[PDB]
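Every residue, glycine as well, gets a Cβ built from its backbone with ideal geometry; the counts of neighbours run over all protein chains shown. Nothing in this text is a laboratory measurement; each read-out follows from the coordinates by a stated rule.
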Amino acid sequence: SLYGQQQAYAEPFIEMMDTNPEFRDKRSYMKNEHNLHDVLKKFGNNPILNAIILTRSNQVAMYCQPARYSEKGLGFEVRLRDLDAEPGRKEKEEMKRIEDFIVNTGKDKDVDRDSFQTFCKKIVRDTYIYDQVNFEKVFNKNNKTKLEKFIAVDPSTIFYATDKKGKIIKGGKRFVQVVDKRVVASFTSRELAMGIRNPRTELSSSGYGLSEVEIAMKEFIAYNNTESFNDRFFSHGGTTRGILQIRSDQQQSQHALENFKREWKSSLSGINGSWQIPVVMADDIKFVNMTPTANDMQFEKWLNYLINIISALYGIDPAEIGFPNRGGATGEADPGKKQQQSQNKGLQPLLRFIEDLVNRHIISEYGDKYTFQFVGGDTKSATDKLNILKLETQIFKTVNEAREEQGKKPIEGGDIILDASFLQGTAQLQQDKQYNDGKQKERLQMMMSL
Amino acid sequence: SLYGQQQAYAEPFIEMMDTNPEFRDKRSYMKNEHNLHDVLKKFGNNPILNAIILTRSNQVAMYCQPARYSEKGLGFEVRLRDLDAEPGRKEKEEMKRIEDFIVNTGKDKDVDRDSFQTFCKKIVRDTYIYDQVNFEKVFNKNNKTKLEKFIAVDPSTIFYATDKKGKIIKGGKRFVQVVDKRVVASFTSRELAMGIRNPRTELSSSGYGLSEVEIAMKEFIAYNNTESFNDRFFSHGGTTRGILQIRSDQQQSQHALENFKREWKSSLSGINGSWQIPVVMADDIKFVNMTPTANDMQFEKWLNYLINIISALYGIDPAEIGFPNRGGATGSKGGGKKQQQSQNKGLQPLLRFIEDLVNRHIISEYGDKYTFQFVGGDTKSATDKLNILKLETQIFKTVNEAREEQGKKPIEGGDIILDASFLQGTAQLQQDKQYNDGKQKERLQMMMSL
């Protein structure tokens, strides 16, 4: 079973003829092809796809540092799940250790290992080429329970392992690594993550993703063709403006024509000849125009159309990558702005996907009490914090509580709210005390008299 | 019966010739087709349809996490139905357990199981391809009453089961799974959900949905044809600008013409030849133009029109997906309001549909006291909460009640509202008390004197 024991079938009921009994082939949507990722790998140098991958991964890279150490507060943090909990002395250190582990991408620091930044850039590129992310988790050899490293692995080499009965293996070696169409390694679900953004219920999809490169492939071909078309004007074309037809009773001999070419170039070529006019006394002279007087690129609208569609599949603004956004007219609790809508639509899903992968696979080694999240900045300058506390000191905080939150010594005459009504209250209660004191003393004096 | 015992017929009275006695065929609206879902499956790779499915499912994916743990408040929550109730100590834990179950998509955590995010993306894709969502509910083997997992199922495999009398089964195994036109599984209403967005009263609709892909199918075909037309200029066309007609008493031999081609390319081709002009002394020379001097894509308006219709059926702005908008040329205005309206107009129906499905099928296992809802954020920052409490402390709250809500010890001189009128009242009442004390003591002393 793919997920677990179920009475509904989740895989093709009849075993399709995979080339190998041991793993499920990555069939194209129409099953016209069985090695789809070897097709898609050919597009990894596409300039548009690479512009998207680079812009997205550059945006992502800003979060990669811990917010804890980043004075602007931008980055990620590891936090307790419950907002109501106060972390214990050991929990704060364990969270700092997990943060450090993530930063180093492993237990010890080692310059030979990817940083978290390099890891994230890798898996972003892999998502947008293959729609398949894999990274291996390597546990300590002496203690299988102790994680030491996680490293991203080439997704084109990772396949679901299949039983001889054509069923996908669960609980065992769920995954195999295949090179030259032989299995070179195998992994359990414990040892290898797989992440997919575009899941399908389709039985024959066999749990694999769905690349936008597959969907947009016709568009990519059309784009490539129009680029080659426009370039071949110079590379292969005839740029010749026209033919100068000179006509007489008989064609000139080749010798005559070649010394006429010499008179021409010696009299009219370059800057030196540039404004002279030839006089020619042929019987008739005609010039046939074979090209437009002013050439420019063709099919520009076609290009914009194609690129707009590809951008809509990837969820990016064409104008963010130097193209017209067809239709223009750009579309929160914050007073945000139109562009931020595009930023958000592009950015939060990818970050959330990465968060999901990290939470499921790494933090889960430390148990569910912790959470990994990326966090944006805050609008909490000294001015804003002082305004907030200026209200809390009216509503809640005595001077000394405020000072204590700063670590500043309490002062005699603190422990009061800074409101005149509070003082009128305390002056009332003081008078009340002095009155009750008088009343009780005179009562006592009368009782002693009686 | 389809719904229940009723005297109005809800199904075709005469049994239509279904291919199999055991299940109801998914006939097309006109009954022109009996295998409708195998028709629609061919469109699941359409770039427009996939752009819509991906944008919608990316929008939905943000809500999958619990709001409880999300400091911005965005996500979902499990809640008591009544807003007036206060949850008991055990109810809070039961709600947390149900939330955890939903997040994990099952009782235990298991990296091999779909997350809720993957489930939602799946069922969104299924709604927008088939207008049919199915997921199986798996109960504990020892206790059939205890739910363990829910898993999304391929909607193309799920059919209504029919009695030998051609009536749809109720109370029994209402559903069957059919693969290769044999029944591989069966389900009760307890074990399988079905969700439909586009219901019909039409008797022959037999309880199935209605995909927008079926309605728009002509438009999709026209789209495909216009795309092929525009692409075939490069793939198959003659791009040849024109014919250079040279004419003389007799055509040149092939040898002469081929060494004329050699003179031509050796003198005029590429950048190297780019600005030279040939002189030719044929009797007459003509150039016949066969194409426009400037080619571009054709039928662009037709494309915009088609995609506008498809977007209007799906309820999405074409500008959201990279097309000019005509239905709202110059956008729309009145009611950030433009963004808010467009976003919610797309998103809220699908979210409400998922909520309804979850409430009916999952939460109902725990009884009607609870509800599952997606919840947006709120503008309830510390600033807003402090403003609110700054009013409540004038209207309701003494300093000490506020401090208690913070868990901070009450202070002598609290128990007062921070309004000067309240203190002026209490200052009056104190004097009133001192007067009544004097009056009563002097009354008693006078009575004792008399």
### Summary
From the Cα centre of the range A:304-318 to that of the range B:4-62, the distance in Å is 30 Å
### Summary
Simple SL model, points at 7 angstrom along Cα→Cβ for B:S449 and A:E91; separation in nm is 7.2 nm
### Summary
When B:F220, A:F43 are ranked with the fewest other C-beta atoms within 10 Å first, the list becomes B:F220, A:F43
### Task
Arrange A:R262, B:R190 by Cβ neighbour counts within 10 Å, fewest through most, would you?
A:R262, B:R190
### Message
Spelling out what I want: for every residue of the range B:344-357, take phi, set θ = phi - 60°, compute 6.51 cos²θ - 1.76 cosθ + 1.60 (Karplus), and round to whole Hz; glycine and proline get x.
### Response
6, 4, x, 7, 4, x, 5, 4, 4, 4, 4, 3, 4, 4
### Query
What value, in deg cm²/dmol to 500, does the helix sum -39500 (n - 2.57) over DSSP H runs of n ≥ 4 give at 222 nm once divided by the residues of the protein assembly as shown?
-13000 deg cm²/dmol
### Query
To the nearest 0.05, how large is the calculated FRET efficiency for A:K31 and A:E365 if R₀ is 35 Å and r is the Cβ-Cβ distance?
0.35
### Task
Give the dimensionless ratio obtained when the Cα radius of gyration of the range A:282-332 is divided by 2.2 N^0.38 Å.
2.09
### Message
I'd like the mean, over residues of A:236-242, of how many other protein chain beta carbons sit within 10 Å of each residue's own Cβ.
### Response
6
### Query
Across peptide B:144-152, what mean number of C-beta atoms from other chains lies inside 10 Å of a residue's C-beta?
2
### Query
Where in the range B:305-326 is the amide nitrogen less than 19 Å from a point lying 7 Å along the Cα-to-Cβ axis of A:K301?
B:305-309, B:319, B:322-326
### Query
trypsin sites (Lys or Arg not before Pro) within the range A:1-55: which are DSSP loop residues with at most 14 other Cβ atoms inside 10 Å?
A:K31
### Query
Convex hull over the Cα atoms of the range B:108-266, averaged projected area in nm²?
21.5 nm²
### Task
Partner chain Cβ atoms within 10 Å, averaged over the residues of B:274-287 - can you pull that number for me?
6
### Summary
Computed over the range B:144-214, the Cα gyration tensor eigenvalues, each multiplied by 5 and square-rooted, give semi-axes in Å (largest first) of 21, 16, 14
#### Entry: Nitroxide proxy distance, nm - points 7 Å out along Cα→Cβ at B:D378 and B:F260
8.7 nm
### Task
Compute the distance in nm between two label points, each set 7 Å from the Cα along the Cα-to-Cβ direction, one at A:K42 and one at B:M290.
2.9 nm
### Task
Based on other C-beta atoms within 10 Å, arrange A:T383, B:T393 from fewest to most.
A:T383, B:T393
### Message
Rounded, prolate or oblate for the protein assembly as shown? Axes are the square roots of the Cα gyration tensor eigenvalues, ordered a ≥ b ≥ c, and the cut-off for rounded is a/c under 1.5.
### Response
prolate
### Query
Sorted by mean Cβ packing within 10 Å, highest first, what order do the peptides A:199-205, A:45-51, A:265-271 take?
A:199-205, A:45-51, A:265-271
### Message
Within 10 Å of each candidate Cβ there may be at most 16 other Cβ atoms; applying that plus a DSSP loop requirement, which trypsin sites (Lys or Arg not before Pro) in the range B:71-153 survive?
### Response
B:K72, B:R81, B:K107, B:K109, B:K141, B:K144, B:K146
### Task
Restricting to chain B, compute how many DSSP beta bridges are antiparallel as a %, nearest 5.
95 percent
### Message
Only four residue types carry charge here, +1 at the Cβ of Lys and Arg and -1 at the Cβ of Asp and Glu. Report the dipole size of the range A:330-410 about the Cα centre in Debye, rounded to the nearest 20.
### Response
300 debye
### Task
With θ set to phi - 60°, apply the Karplus curve 6.51 cos²θ - 1.76 cosθ + 1.60 along the range A:306-320 and write out the HN-Hα couplings as whole Hz, x wherever there is a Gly or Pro.
3, 5, 4, 5, 4, 4, 5, 5, 6, x, 9, 6, x, 5, 5
### Summary
Scalar couplings 3J(HN,Hα) for the range A:106-113 by Karplus 6.51 cos²θ - 1.76 cosθ + 1.60 (θ = phi - 60°), nearest whole Hz, x for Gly and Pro, are x, 5, 8, 6, 8, 4, 6, 8
### Task
For a quick protection proxy, order the peptides B:273-285, B:341-353 by their average other-Cβ count within 10 Å, most packed first.
B:341-353, B:273-285
### Query
Between the DSSP loop rule and a limit of at most 16 other Cβ atoms within 10 Å, which GluC sites (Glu not before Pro) in the range A:379-431 are left?
A:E412
